[PDB]
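> Chains as they are written, first to last, in the authors' numbering: chain A, 1120 to 1176, 1187 to 1243, 1254 to 1286; chain B, 2 to 120; chain C, 834 to 882; chain D, 784 to 839; chain E, 540 to 668, 678 to 715, 722 to 784; chain F, 672 to 727; chain G, 246 to 335, 345 to 437, 446 to 490; chain H, 1 to 65; chain I, 20 to 70, 89 to 141, 164 to 196.
Ideal placement from N, C-alpha and C gives every residue a C-beta, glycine not left out.
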Amino acid sequence: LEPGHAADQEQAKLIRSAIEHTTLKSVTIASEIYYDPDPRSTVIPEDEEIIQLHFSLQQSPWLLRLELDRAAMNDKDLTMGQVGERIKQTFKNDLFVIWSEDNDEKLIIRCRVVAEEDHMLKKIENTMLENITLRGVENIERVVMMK
Amino acid sequence: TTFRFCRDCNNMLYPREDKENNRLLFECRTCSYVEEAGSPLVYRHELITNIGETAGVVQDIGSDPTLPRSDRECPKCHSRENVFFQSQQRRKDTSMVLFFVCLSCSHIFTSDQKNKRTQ
Amino acid sequence: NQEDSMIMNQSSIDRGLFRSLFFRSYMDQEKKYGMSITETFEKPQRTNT
Amino acid sequence: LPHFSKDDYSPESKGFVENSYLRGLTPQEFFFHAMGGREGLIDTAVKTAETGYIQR
Amino acid sequence: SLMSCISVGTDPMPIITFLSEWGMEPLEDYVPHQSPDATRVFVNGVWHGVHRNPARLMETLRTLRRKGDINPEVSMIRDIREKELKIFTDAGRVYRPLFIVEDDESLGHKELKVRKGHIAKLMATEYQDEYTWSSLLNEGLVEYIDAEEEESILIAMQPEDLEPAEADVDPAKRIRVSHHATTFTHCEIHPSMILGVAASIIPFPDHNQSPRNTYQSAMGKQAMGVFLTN
Amino acid sequence: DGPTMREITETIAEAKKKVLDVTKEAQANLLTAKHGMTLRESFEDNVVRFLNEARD
Amino acid sequence: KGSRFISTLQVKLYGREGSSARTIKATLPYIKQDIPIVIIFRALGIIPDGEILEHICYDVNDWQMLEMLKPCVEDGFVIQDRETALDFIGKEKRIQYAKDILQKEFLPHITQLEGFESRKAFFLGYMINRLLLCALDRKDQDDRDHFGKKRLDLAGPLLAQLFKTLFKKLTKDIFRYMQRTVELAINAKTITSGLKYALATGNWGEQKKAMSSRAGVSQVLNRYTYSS
Amino acid sequence: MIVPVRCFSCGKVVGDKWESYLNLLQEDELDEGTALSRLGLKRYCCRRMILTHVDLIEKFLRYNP
Amino acid sequence: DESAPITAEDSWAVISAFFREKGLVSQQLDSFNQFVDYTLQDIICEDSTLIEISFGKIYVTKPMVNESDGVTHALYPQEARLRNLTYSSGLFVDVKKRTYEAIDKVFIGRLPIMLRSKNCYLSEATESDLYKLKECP
RNA sequence: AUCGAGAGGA
DNA sequence: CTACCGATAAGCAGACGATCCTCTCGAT
Ligand SMILES: [Zn+2]
Ligand SMILES: [Zn+2]
Ligand SMILES: [Zn+2]
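1. For the segment 635-654 of chain E, which residues have a CB atom closer than 9 Å to at least one CB atom of chain I, in sequence order?
2. Which of helix, strand or coil does DSSP assign to B:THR2?
3. When the Cα atoms are used, what is the spatial distance from I:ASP61 to G:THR253?
4. Locate the beta strand (DSSP E) running through E:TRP586, then write down its first and last residues.
5. Rank A:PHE1220, A:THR1208, A:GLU1139 and A:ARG1215 by C-alpha distance to the C-alpha of A:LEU1260 and give the top, closest one.
6. For I:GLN47, tell me which candidate among G:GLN357, G:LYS345 and G:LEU412 has the shortest Cα-Cα distance.
7. Comparing the CB of B:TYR34 with every heavy atom of ligand 1, is any distance shorter than 6 Å?
8. So, does the CB of F:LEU710 fall closer than 7 Å to a CB anywhere in chain B?
9. Chain B partners of E:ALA577, CB-CB under 9 Å?
10. Using a Cβ cut-off of 8 Å, pull out every chain F residue sitting near A:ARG1239, in sequence order please.
11. Is the beta carbon of H:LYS42 within less than 6 Å of some heavy atom of ligand 3?
12. So which residues touch the region around ligand 2, with touch meaning a C-beta under 5 Å from any heavy atom?
13. Rounded to whole angstroms, what's the CA-CA distance from G:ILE292 to E:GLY588? Just pull it up for me.
14. So which of B:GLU37, B:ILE52 and B:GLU82 has the shortest CA-CA distance to B:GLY63?
15. Relative to the C-alpha of D:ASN802, which residue among E:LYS775, E:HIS761 and E:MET778 is closest?
16. Taking only heavy atoms of ligand 3 into account, decide whether any of them is closer than 6 Å to the Cβ of I:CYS195.
17. From G:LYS358 to G:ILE276, what distance separates their C-alpha atoms?
18. In the structure shown, what three-state DSSP assignment does A:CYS1240 receive?
19. In the structure shown, what three-state DSSP assignment does A:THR1266 receive?
20. So, using beta-carbon positions, are A:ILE1138 and A:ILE1271 closer together than 7 Å?
21. Can you give me the C-alpha to C-alpha distance between B:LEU104 and E:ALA695, rounded to a whole angstrom?
22. I'd like to check one pair, E:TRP586 with G:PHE370: are the Cβ atoms closer than 7 Å?
23. With G:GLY456 as the anchor, note down where its alpha helix (DSSP H) starts and where it stops.
24. Taking 7 Å as the cut-off, decide whether the C-beta atoms of E:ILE619 and E:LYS625 are in contact.
25. Going by beta carbon distance, what residues of the same chain come within less than 8 Å of E:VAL640, once the five residues before and after it are set aside?
26. Is it the case that the segment 39-49 of chain B contacts the segment 1151-1158 of chain A, given that we only count it when at least three CB pairs across the two stretches are under 8 Å?
27. Give the residues of chain F in contact with A:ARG1281, contact being defined as C-beta atoms less than 9 Å apart.
28. Let's see if you can read the secondary structure: which residues bound the beta strand (DSSP E) around I:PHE92?
29. Mind checking A:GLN1128: buried by the 16 CB within 10 Å criterion, or exposed?
30. Give me the DSSP bridge partner(s) of E:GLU623.
31. Just verifying my parser: in three-state terms, what is the DSSP assignment at G:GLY402?
32. Report yes if the CB atom of A:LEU1273 is closer than 7 Å to the CB atom of A:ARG1215, and no otherwise.
33. Considering only DSSP beta bridges, list what I:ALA111 is partnered with.
34. Does B:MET13 come out as helix, strand or coil in the three-state DSSP assignment?
35. Check the C-beta distance from E:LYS655 over to I:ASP131 and give it rounded, since I have them as a contact under 8 Å.
36. Following a CB-centred definition, is B:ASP9 positioned closer than 6 Å to any heavy atom of ligand 1?
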C-alpha cells in the first residue's frame, strides 16, 4: 500500500476491488432470448414496471434478457448502473439497454439490437458473457487481504 | 425453454418472424409445415442451476443400503422415516445442503434455512 | 551398536545362533553339436594345449 | 470405504485416526494411514529422481 | 490379499436367456418416451434391453447365485439411482468373499446368516481330518464380491461391535467408530484379511507407522529359513 | 498418564463436536465463503484446521 | 472368446465452455476423420431429427440437454437419408465400404453381423447421453483408477494369447504345405518350441520382443524362503 | 532340525529334554508352561529354547532314500 | 444352542474353511484348468478349417519325456528339475480330411504343465506319495 | 566372452 | 480497391528422465 495510508484497512479494500478482475459471466444467473415485438411493451409480466421508465433522465423484436445474482452482487461492490454503462459502452451504438433498479425484487437487464437476426443476438450474448470486463485487471483472478 | 417437432417430418422446428402480424412462427425446413408459438421464450442459458440436484429419486430409493437415514420429521407424512443426500449436481461450487425423502410419502424436503425451494 | 548397527553375543553364536548352511550348484554338459566333435569329461593333462 | 454411508464428511470417515501407535489403529484407520504412507514412499522415489537430475 | 480370487470367466448366454424370460423388452422394441423408469440392463457392457420393476429381477438373480444356479463368481450390480442393472461374467476380475447379512426375526433388524450351528459343523469337519467352504457358499451364507459390486453394499466390520443394539469402557482399548448405519448387507469375514502373504507375519502392524510395514514386507522375502523340506 | 489419557480423549472429543457444528452449519446453508474460495473449500479448510490443532 | 479386435471409439464434444457452436463429432476405425453424430445415426437407420434425440435424451423435459444438441442437428442438415449419410463416410462403392465398417468395426461387441443397427444406434445414444451428462456437470468424470474397471491377466489368458498366435502360424503353414503337395509333415516344433521360449524368457511374443510384453511375464520363481 | 544342545543365550544343556517334553505334553497331558517348569527350565531364555523349537528332522526322515 | 449369532472368534473357523478348500495359489490353478479344460478346445475352432482339412476334439496327455534313442518315459517333476527337462504333456487332435465329392490321432506339439493342476501327477497324490516322489508336501 | 532381460542392495 | 507480406496465433514434435552396486537366466 501507499506509504500513507498503509494500514487504513477500508482504504485497502478499495484497492482490492480496483484490481480483482470481475466478468459479467460471474454475476449472471441465466440469460434468455425472447420474441418481444412491442418496443414499448412486454409479453413478460414480471418486467412491465421497468418498461415505462428509461425514457427520462428503429429497434428489433428480438429481446435479450439477463438475470443477475443479487447475492454475488455484494461480494463485489456492483451497482446495476455500472453493469449497464459497462455493457452500454461496449457496443456503443447498436444495442439499446434498459435495466432494473438496484433494490427491486429481481435484477434484470434488457437489450435489443439497433433478417437472420435470431442468430446474431445469440453471438452477442457470447461476447457479453466472455468478454465484458466489469472492473479490475485481467488475469488477476482471486485476491486476499493480509496483515 | 421447450421446443417442438414437425407433425409430418418429425424434425426440428426453427423459429421465424411474422413481421406483418407481429407473432412468432416455428417452421420445419424439411417439408413445409408451420405452427404458431406457444411461449415467447426462444432460448435460455442458466449458469447457476438447479436441475440435476434431486436426481433419479425413484421408488426403490429406500432399498438402497448405502444412503444414510436421519432422525428428521417430515413436513407432511409426519413420519420419521427418511433417506438423504447432497446435491447430485456434482460441481465445485455447489452448497452442502441435504435433501430428504420421506420414505413414507416420497415428499422431498431440504435441510436449507436460507433458500426458498420448489424442487 | 550405533547408526543402525548391533552388538551380538559371541558365546551364543558359538552355541549355533543364526547359523546357516549354504549350497551352490554348478552345471555342465558335453558339447553342443558336431557328428565328429564331442567334449569330454576327463581329468586333463598336457597334450599340446 | 464401503463400510460407510454416502455423503459422510466426519473425521473418521475421511482419514482422522483418533488413536495413537500405542493404542493401535482400527481397521479403517489402518487402511487410510496405509494410503497416506504409500503417498510418502511414492514421492521419495520421485524426489531422488528429480533431484538427481537437477544436481547433474 | 489373503482371501481374494480372480474370475475364471463363465458363459453369459444362460443369463441373457434367463433375463428375457423374467421381463425385459429387448432393445429394438424399446420406446424411451413411453417407459422412462425402465432400468436399463447390461451384460458385459452389452445393452440388451430395459426392465420395469428391477427390484424383483434383482432379487431373483441374487437368490439364484446364492442357490448355486448362477455361477457364484458372476457379479450383479443394481444401481438404484442411476436406473441401471449391470451383470459381469468377464474373466480376470478380482473379488473377495464375505458374510451375508440378512433381514431376520422382525422387520428390524439385521443378522448374519451363519450361526453357531454352522460353525460347529465346520469344526466337526476340521477335527475329523463333509461340511466345507462350498457348503457355506451353496447355502447362501457367504458371497463373492468385486469392487464394482462393492459399490452398492454396506459392509459391517465385526458381527458384535457392529450390531448388538444399544443399552463402563476400558481406557487401554483403541477407540471405536460407531454402529451409526443400520442397514447392512454384508459383514467382513475378518479385517486382517486385507493383508497379503508378507504383511501377515508382522506382529501388531496396527501399532506400526505404515511405511515400515512396507519395509518389513521387502525383508521377509530375504530372510533365511527352510524354503522346502525336500 | 492415567489422567492425561482422559484429557487427550476429552480434547479430541471437543474437536469432534467443533467439526460436527461446522458441518451441521454448512448443511443448513449458513456457512459463508471466505473471500476467493468455494463454499466447500472453506469447510475443508475449517475442518482440517480443527483437526490439526486437535492433534497438536 | 476368440479373436482380439481392440478398435477404440471416441465420441468427442468440440468447443469449450464459453465457446459457442458446441458440435459433437465421433471417431470411427478405418475412417479418415470425425463424423457429426447425426450422420452416424442416419448412416445406421434413424433419419428424423426427433427420433435421433429420442435415442439420446431419454427425457422429454430435459431442455438443457436438448439445447446442447441443437448445434448437432444443424451440423447434419446437409444430409437427409441413409444412402447419403453412408456416402459421406469414404463409387458409390464407398457406400459399401461404410455399410461394412458400421457392422464390422463400429462397436464390434454387441454384434458384428448384419441385422441390428437399432442396438448400435441405442448404444451410441447411451454414450452421448453419458458424455453430455458430464459436460452439464451433473455427474463426474470417470475414476481411471477404480479397481472394478481393471482386469488381471493370468496363466490361462496369457497362455491363450500365445497359443492363438502359435496355432495360427501352425495353421498358416499347412495352407503352404497344402500348395506344394501339388499332387503328415505337421511341424510340431512350432507349438512346442514357441511356448518354451516365452516361458523361458520374459518375452511374451516369440522372436518379436519389439512387443514390450517382454516385461518378464514369467520369471524364475524364487525360493529363498517359503514366504518368498 | 533336531533339538539344539545347550541353550544359545546361557549354555544349559537342553538337547536331552526334547523327548521328555514331548511326553509330558502327550502322556500326562500337561501344558507347556508347567511342562517346562518340571523339566527344570526356569530362566526364560532356556524356556524359549524348547518352546520355540520346531522338529523338522521328522519330515526329513520321511524321504525314503 | 445352534440358531445363536456368531462371535468374532467363530470367524477363523470359516477362514479355515476357505484355504482348506482353495489353498494359497488357487487363482493360478483355476486360470490354468480353465485354459486346458475349455479354452484350448476353442482356439482350435476358428480359422481352424482349411481349403479341405478340419479340426476337432483336442486331447492332452499326462506329462512325458522323449528319451532320444529309446522309450517314451512317464515324467515326474523331480526328474524334470534334475535333468533340465520341460514338464509338459503332448497335444493330440482329431483331424478330418474331407475330399469333397463335388459341389456342383495327430501330434501337435507339447504344452508345459502347471504343477499341481488337474493334468499334473501331483494333483491327487496323498502326502506319503509326495515323499515317495521327492516333491515336498 | 558379449547382447538383452529380470530380480535385488544402499 | 484487390493483393502482398511481415506478422502474430494456431499446432504437432521430442530428448532428457539418481548414483553405485550385486546376482542369475536365455540366447548367440
Ligand atoms: Zn416437416
Ligand atoms: Zn412425508
Ligand atoms: Zn538359557
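Based on what the coordinates show:
1. Here the close residues are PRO636, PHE638, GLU650, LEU651, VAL653 and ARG654.
2. Start at 1 with the first residue of the second sequence, and residue 2 of chain B comes out as number 1. The answer is coil: DSSP assigns B:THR2 none of H, G, I, E or B.
3. Working through the ninth sequence from its first residue, we reach residue 61 of chain I at position 42. Working through the seventh sequence from its first residue, we reach residue 253 of chain G at position 8. When the Cα atoms are used, I:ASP61 and G:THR253 turn out to be separated by approximately 25 Å.
4. Your numbering for residue 586 of chain E matches position 47 in the fifth sequence. 585-590 is the extent of the beta strand (DSSP E) around E:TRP586.
5. Locating residue 1260 of chain A in the first sequence gives position 121, counting from the first residue. When the alpha-carbon of A:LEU1260 is set against those of A:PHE1220, A:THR1208, A:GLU1139 and A:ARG1215, the nearest one is in A:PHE1220.
6. Looking up residue 47 of chain I in the ninth sequence gives position 28. Distances from the alpha-carbon of I:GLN47 to those of G:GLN357, G:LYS345 and G:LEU412 put G:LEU412 closest.
7. Within the second sequence, numbered from 1, the residue matching residue 34 of chain B stands at position 33. Flag set: Cβ of B:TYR34 near ligand 1.
8. Within the sixth sequence, numbered from 1, the residue matching residue 710 of chain F stands at position 39. So yes, F:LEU710 belongs to the interface.
9. Indexing the fifth sequence from 1 puts residue 577 of chain E at position 38. Correct list: empty, because the minimum Cβ distance to chain B is about 11 Å.
10. For the purposes of this step, residue 1239 of chain A is taken as the residue at position 110 of the first sequence. Here the premise fails: no neighbours, minimum Cβ distance about 30 Å.
11. On the eighth sequence, position 42 is the one that residue 42 of chain H refers to. Checking the Cβ of H:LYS42 against ligand 3 gives no.
12. In chain order, the hits are B:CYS75, B:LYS77, B:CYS78, B:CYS103, B:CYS106 and B:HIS108.
13. Within the seventh sequence, residue 292 of chain G is the residue found at index 47, counting from 1. Within the fifth sequence, residue 588 of chain E is the residue found at index 49, counting from 1. Roughly 22 Å between the two C-alpha positions.
14. Taking the first residue of the second sequence as position 1, residue 63 of chain B is located at position 62. The candidate whose alpha carbon is nearest that of B:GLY63 is B:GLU82.
15. Counted from its first residue, the fourth sequence places residue 802 of chain D at position 19. Nearest Cα to D:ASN802 within the set E:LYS775, E:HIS761 and E:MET778: E:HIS761.
16. For the purposes of this step, residue 195 of chain I is taken as the residue at position 136 of the ninth sequence. Answer for I:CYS195: no, Cβ out of range of ligand 3.
17. Residue mapping note: residue 358 of chain G aligns to position 104 of the seventh sequence, counting from 1. Residue mapping note: residue 276 of chain G aligns to position 31 of the seventh sequence, counting from 1. G:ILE276 has its alpha-carbon roughly 13 Å from the corresponding atom of G:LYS358.
18. By 1-based counting over the first sequence, the position of residue 1240 of chain A is 111. It is a strand residue.
19. Locating residue 1266 of chain A in the first sequence gives position 127, counting from the first residue. Reduced to three states, the DSSP call for A:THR1266 is helix.
20. Sequence index remark: in the first sequence, residue 1138 of chain A carries index 19 (1-based). Sequence index remark: in the first sequence, residue 1271 of chain A carries index 132 (1-based). No, the pair does not count as a contact, with Cβ atoms beyond the cut-off.
21. For the purposes of this step, residue 104 of chain B is taken as the residue at position 103 of the second sequence. For the purposes of this step, residue 695 of chain E is taken as the residue at position 147 of the fifth sequence. The straight-line gap from Cα to Cα measures roughly 28 Å.
22. As a first step, residue 370 of chain G must be located in the seventh sequence, where it is residue number 116. As a first step, residue 586 of chain E must be located in the fifth sequence, where it is residue number 47. The criterion of a C-beta distance shorter than 7 Å is not satisfied by G:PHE370 and E:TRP586.
23. Indexing the seventh sequence from 1 puts residue 456 of chain G at position 194. For G:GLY456, the uninterrupted alpha helix (DSSP H) segment begins and ends at 451-462.
24. Within the fifth sequence, the letter at position 80 stands for residue 619 of chain E. Within the fifth sequence, the letter at position 86 stands for residue 625 of chain E. No, they are not a contact pair.
25. Taking the fifth sequence and counting its residues from 1, the one referred to as residue 640 of chain E is at position 101. Excluding sequence neighbours, E:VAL640 sits near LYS649, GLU650, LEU651, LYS652, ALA704, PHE738, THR739, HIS740 and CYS741.
26. When C-beta atoms of the segment 1151-1158 of chain A are compared with those of the segment 39-49 of chain B, three or more pairs fall below 8 Å, so the two segments count as touching.
27. Position 142 of the first sequence, counted from the first residue, corresponds to residue 1281 of chain A. Simply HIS706, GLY707 and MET708.
28. Taking the ninth sequence and counting its residues from 1, one reaches residue 92 of chain I at position 55. Where I:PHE92 is concerned, the enclosing beta strand (DSSP E) stretches over 90-97.
29. Numbered from 1 along the first sequence, position 9 holds the residue referred to as residue 1128 of chain A. Flag for A:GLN1128 reads exposed.
30. The residue you call residue 623 of chain E lines up with position 84 of the fifth sequence. Answer is E:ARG579 and E:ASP618, bridged to E:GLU623.
31. On the seventh sequence, residue 402 of chain G is found 148 positions in, with the first residue counted as 1. For G:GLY402, the secondary structure class from DSSP, reduced to helix, strand or coil, is helix.
32. Sequence index remark: in the first sequence, residue 1273 of chain A carries index 134 (1-based). Sequence index remark: in the first sequence, residue 1215 of chain A carries index 86 (1-based). Result yes, Cβ atoms of A:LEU1273 and A:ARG1215 sit closer than 7 Å.
33. Walking along the ninth sequence from the start, residue 111 of chain I turns up at place 74. DSSP lists I:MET101 as partners of I:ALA111.
34. Residue 13 of chain B sits at position 12 when you count from the first residue of the second sequence. The answer is strand: DSSP assigns B:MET13 an E or B state.
35. As a working mapping, residue 655 of chain E is identified with position 116 in the fifth sequence. As a working mapping, residue 131 of chain I is identified with position 94 in the ninth sequence. About 55 Å separates the two Cβ atoms, so there is no contact after all.
36. The residue you call residue 9 of chain B lines up with position 8 of the second sequence. It does: the Cβ of B:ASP9 is within 6 Å (strictly closer) of some heavy atom of ligand 1.
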